[PDB]
Amino acid sequence: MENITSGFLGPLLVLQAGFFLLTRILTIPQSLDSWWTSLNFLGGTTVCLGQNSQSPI
Amino acid sequence: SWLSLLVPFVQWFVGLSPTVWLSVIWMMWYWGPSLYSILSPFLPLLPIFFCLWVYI
Amino acid sequence: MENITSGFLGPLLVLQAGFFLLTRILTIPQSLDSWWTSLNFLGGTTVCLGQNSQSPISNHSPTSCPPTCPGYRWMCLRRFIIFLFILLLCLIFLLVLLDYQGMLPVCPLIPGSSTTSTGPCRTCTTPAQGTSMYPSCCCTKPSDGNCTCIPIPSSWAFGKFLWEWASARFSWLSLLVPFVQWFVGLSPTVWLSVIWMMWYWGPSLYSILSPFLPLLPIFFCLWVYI
Amino acid sequence: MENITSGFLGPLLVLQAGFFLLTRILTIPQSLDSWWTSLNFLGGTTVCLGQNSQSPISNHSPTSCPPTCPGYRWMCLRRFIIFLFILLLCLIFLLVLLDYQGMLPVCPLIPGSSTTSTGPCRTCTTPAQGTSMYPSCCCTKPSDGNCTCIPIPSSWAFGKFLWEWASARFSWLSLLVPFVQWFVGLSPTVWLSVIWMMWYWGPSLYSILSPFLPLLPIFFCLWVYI
Amino acid sequence: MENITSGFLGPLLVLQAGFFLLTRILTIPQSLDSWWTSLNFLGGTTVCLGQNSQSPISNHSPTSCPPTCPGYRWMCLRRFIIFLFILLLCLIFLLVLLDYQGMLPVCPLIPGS
């Protein structure tokens with residue numbers, strides 16, 4: 001509106017608006033990853049594949 | 001329209017030879033995890049408004 | 001009612017942007033601390049061995065050693081020093097980016113005879129003092145009135161003139177520049193192989209060459225005598 | 001002997017001086033490990049993370065617990081990174097020293113009617129869009145125009161000219177020149193006070209402002225609406 | 001814009017926009033609560049006041065008894081009082097801001113020619 005016309009926030013506004021869409025898209029990737037993980041789990045669960053003791057985790 | 005501008009960007013960059021894709025494939029992949037982890041400090045996309053004012 | 005909604009939406013976006021900017025600024029010290037810890041430790045402990053048990057002795061002392069143990073203290077001083085170092089470092093990148101824009105100036109003044117002008121010279125420069133060096137070109141020569149020197153080149157600009165000027169101080173480096181030309185003359189599909197071989201053997205090559213240091217001076221003396 | 005002795009010793013003296021320089025460089029690496037520990041002094045002591053139970057050795061400071069085998073790629077990589085940072089710092093220091101020299105021209109541009117000496121304008125009229133950083137001013141214009149332009153003026157102001165060039169981008173920052181001037185005045189007393197104050201401030205003023213940090217955006221937005 | 005004119009989201013849009021401001025204001029209350037807690041701590045820390053064993057909770061710290069641990073009702077009352085105080089303070093600050101606006105007069109009087 002008036003503030004948009006009277007300010008240079010437009011580039012920052014675009015960066016922020018795309019940030020929300022980028023976050024949603026990135027969540028879509030992890031969400032699909034979890035969905036497939038459950039699918040392959042097929043009524044099951046698992047640990048990280050190479051979760052070896054040679055790691056402080 | 002900026003997508004059309006990036007189309008020439010892809011034309012000149014992606015339109016490279018096998019001698020460039022070969023380097024970009026494997027060695028970049030090895031640094032790719034490290035590069036992604038480093039880019040995490042720039043995950044706030046500060047360079048985004050950076051080049052935004054660059055255009056400004 | 002329509003006008004109020006737009007202002008409310010704009011203020012919320014402004015607040016979110018400010019919060020994101022502050023979070024990024026703070027995480028810059030956090031990311032720097034994480035990188036420094038990874039470099040120093042590379043598989044070490046981060047319990048902040050400088051932590052103290054005079055307060056809750058839970059191992060919550062981060063790389064920043066939160067709060068009590070150092071905390072708002074020597075650890076915070078290190079964090080602020082790292083932030084200042086980062087602010088200094090980004091200035092170099094900003095300067096390089098601004099320089100390679102062609103707003104940047106590279107007005108050079110070195111001894112030469114290259115000519116590109118319209119109906120030039122026939123008076124030229126006759127300076128028999130101050131060697132061959134040239135001063136600011138308002139009119140460099142002691143008696144030059146119609147003088148015109150050389151304009152900044154779009155290519156390189158800052159750095160190229162300094163390189164040329166310093167090549168006089170160390171001509172051997174200028175002579176050795178042929179090796180740099182050969183290395184640049186190497187094909188693009190050679191850097192990866194060079195790095196891989198260097199990474200594979202560079203530690204071993206340095207270790208083996210460290211004992212070889214005495215052998216090199218004898219060969220150098222023989223070559224000098226020859 | 002004499003010259004023949006000098007000629008023979010040229011290689012020997014070269015080897016000796018090169019080994020002294022290599023000792024200085026290794027100290028630069030050893031001292032770099034020292035500042036790495038100083039950063040780790042926030043964390044604490046200097047136990048080796050790279051040293052492991054394999055290759056039976058003792059424990060020492062982070063640089064030299066069986067460094068080569070135990071340090072392996074991690075210690076070498078950290079040393080190389082520190083050496084690169086040190087070289088970058090040396091380059092920055094050299095650039096600053098060359099900047100303060102004033103041999104380098106800034107070769108700037110600004111609109112004005114001033115002249116260092118007797119300069120006849122002869123109706124100097126040819127303007128252009130973006131008067132700052134105009135054409136080379138080798139009388140590059142629709143005609144010659146009887147042009148006289150700026151030489152590289154004598155001041156540690158090569159960066160000052162760049163700032164003036166970029167000053168137009170943000171007028172508010174230039175408007176803060178009054179606070180800059182006030183900071184310029186009484187700086188030794190200001191330094192003498194803020195050295196202790198900021199140390200005290202760094203301890204608790206940041207913590208105090210932390211609650212105020214979220215409050216600032218709301219008030220700033222409220223004022224901007226006006 | 002066009003979507004706003006062609007949709008009834010305006011009420012929902014207002015509800016969502018006020019939600020962000022309400023969240024920021026509520027955070028301001030808890031943020032001030034933490035700030036004062038540190039101030040009273042005065043380079044210290046503490047546990048939740050009435051954090052007694054007659055509650056299936058761990059060692060809550062200060063403003064950590066949410067609504068069932070200990071006298072969380074009293075903690076909530078203190079939070080509400082602090083929120084009212086912060087509201088009064090920010091209202092006073094806003095009044096002081098507009099004070100130098102010049103729209104308001106002082107409408108004073110003094111003897112002179």
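Report the per residue volume, in Å³, of the convex hull enclosing the C-alpha atoms of the protein assembly as shown. Each step should come with its number before you reach the end.
Details: hull volume 246.3 nm³, N = 678.
Cα convex hull per residue, to the nearest whole number: 363 Å³.
Once every DSSP H run of n ≥ 4 in chain D is given -39500 (n - 2.57) and the sum is divided by its residues, what mean residue ellipticity at 222 nm do you get, rounded to the nearest 500 deg cm²/dmol? All intermediate terms of the calculation are to be shown ahead of the outcome.
Numbers: 6 runs with 133 residues, N = 226.
For chain D, the value works out to -20500 deg cm²/dmol.
List the extent of the Cα atoms of chain E along each of their three principal axes, largest first, rounded to whole Å.
75, 59, 23
Of the candidates C:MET197, C:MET133, C:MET75, which one comes out as most mobile in a Gaussian network treatment of chain C with C-alpha springs shorter than 10 Å?
C:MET197
For peptide C:98-108, how many partner chain Cβ atoms fall within 10 Å of a residue's Cβ, on average?
Per residue, the average neighbour count from other chains is 4.
Once the convex hull of the C-alpha atoms of segment C:28-88 is built, how many Å³ does it hold per residue, rounded to a whole number?
Given the Cα convex hull of segment C:28-88, per-residue volume reads 73 Å³.
Counting just the Cα atoms, what span does segment D:1-131 cover along each of its three principal axes? Round to the nearest Å and put the largest first.
On the principal axes, segment D:1-131 reaches 87, 59, 22 Å in Cα extent.
If a/c stays under 1.5 just call it rounded; otherwise compare a/b with b/c (prolate if a/b is bigger, oblate if not). Do that for segment C:163-226, with a ≥ b ≥ c from the square roots of the Cα gyration tensor eigenvalues. Please list the in-between numbers first.
Working: a/c = 2.40, a/b = 1.04, b/c = 2.30.
Here segment C:163-226 falls in the oblate category.
Could you tell me how many degrees, from 0 to 90 and to the nearest 10, lie between the Cα long axis of helix A:9-41 and the main elongation axis, the longest principal axis, of the Cα atoms of chain A?
Taking Cα atoms only, the helix is inclined about 20 degrees.
Using mean Cβ contacts within 10 Å as the protection proxy, how do C:163-176, D:102-115, D:169-182 order, highest first?
Ranked from most to least packed, the peptides come out as D:102-115, C:163-176, D:169-182.
In terms of the Cα gyration tensor, with a ≥ b ≥ c the square roots of its eigenvalues, is segment E:18-67 rounded because a/c is under 1.5, prolate because a/b exceeds b/c, or oblate?
On the way: a/c = 4.45, a/b = 1.47, b/c = 3.02.
In terms of gyration-tensor shape, oblate.
If you take each beta carbon of peptide E:75-86 and count the beta carbons of other chains within 10 angstrom, what is the mean? Please list the in-between numbers first.
Working: counts 0, 0, 0, 0, 0, 0, 0, 0, 0, 0, 0, 1.
Neighbouring Cβ atoms belonging to other protein chains average 0 per residue here.
Using the Cβ atoms and a cut-off under 13 Å, what net charge is assigned to the surroundings of D:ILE110, where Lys and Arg are +1 and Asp and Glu are -1?
On the way: positive: D:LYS160; negative: D:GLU164.
Local charge sum for D:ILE110: 0.
List the chymotrypsin sites (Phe, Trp or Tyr not before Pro) within segment E:66-113 that fall in a DSSP loop (any state other than H, G, I, E or B) and whose Cβ has at most 16 other Cβ atoms within 10 Å. Don't skip to the end; give the middle numbers.
Details: sites: E:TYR72, E:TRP74, E:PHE80, E:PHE83, E:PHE85, E:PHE93, E:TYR100; in loops: E:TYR100.
In loop regions of segment E:66-113 (DSSP not H, G, I, E or B), the sparsely surrounded chymotrypsin sites (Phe, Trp or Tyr not before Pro) are E:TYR100.
Using mean Cβ contacts within 10 Å as the protection proxy, how do C:77-88, D:87-98 order, highest first? Write down the numbers at each step before the final one.
Details: C:77-88: 15.1, D:87-98: 11.7.
Result, highest mean first: C:77-88, D:87-98.
If the rule is a partner Cβ under 4.7 Å, which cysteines in chain D fail it?
D:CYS69, D:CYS76, D:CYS90, D:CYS138, D:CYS221
Using DSSP H assignments, which helices in chain D have an axial alpha-carbon span of 24 Å or above and a mean Kyte-Doolittle hydropathy of -1.0 or higher?
TM-like helix candidates: D:3-43, D:72-101, D:187-225.
May I ask you to derive the FRET efficiency for E:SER61 and D:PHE212 from their Cβ-Cβ distance with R0 = 30 Å, giving the value to the nearest 0.05? Please report the intermediate quantities before stating the final value.
Numbers: r = 23 Å, r/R0 = 0.76.
After rounding, the FRET efficiency stands at 0.85.
Can you tell me the orientation of helix E:72-99 relative to chain E, as the angle in degrees between its alpha-carbon axis and the longest Cα principal axis, to the nearest 10?
20 degrees
Assuming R0 = 30 Å, what is the FRET efficiency of D:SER193 and D:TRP156, from their Cβ-Cβ distance, to the nearest 0.05? Mind showing how you got there, number by number?
Details: r = 28 Å, r/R0 = 0.92.
With a Förster radius of 30 Å, E is 0.65.
Using only atoms on other chains, find how many Cβ atoms lie within 10 Å of each Cβ of peptide A:9-21 and report the average. Working shown, then result.
Working: counts 5, 2, 9, 10, 6, 3, 11, 9, 1, 2, 6, 1, 0.
Averaged over the peptide's residues, the number is 5.
When N is the residue count of chain D, what does its C-alpha Rg come to as a fraction of 2.2 N^0.38 Å? Before the final figure, lay out the partial values.
Values: Rg = 29.2 Å, N = 226, 2.2 N^0.38 = 17.3 Å.
Taking the Cα Rg and dividing by 2.2 N^0.38 Å, one obtains 1.69.
For segment C:1-60, state the average projected area of the convex hull of the C-alpha atoms over all orientations, rounded to one decimal in nm². All intermediate terms of the calculation are to be shown ahead of the outcome.
Working: hull surface 27.9 nm².
For segment C:1-60, averaging the hull's shadow over all directions gives 7.0 nm².
May I ask for the Kirkwood hydrodynamic radius of segment D:91-153, worked out over all distinct Cα pairs and given in angstroms to one decimal?
Numbers: mean 1/r = 0.0719 Å⁻¹.
Computed over Cα pairs of segment D:91-153, the Kirkwood hydrodynamic radius comes out at 13.9 Å.
Taking K and R as +1 and D and E as -1, what net charge do the other residues with C-beta under 12 Å from the C-beta of D:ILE86 add up to?
Details: positive: D:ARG24, D:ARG79; negative: D:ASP33.
Net local charge, D:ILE86 excluded: +1.
Neighbour counts are summed over all protein chains in view; Cβ atoms, including those assigned to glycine, are modelled from backbone coordinates with ideal geometry. A short reminder: the numbers here are calculations on the coordinates, not readings from a lab.
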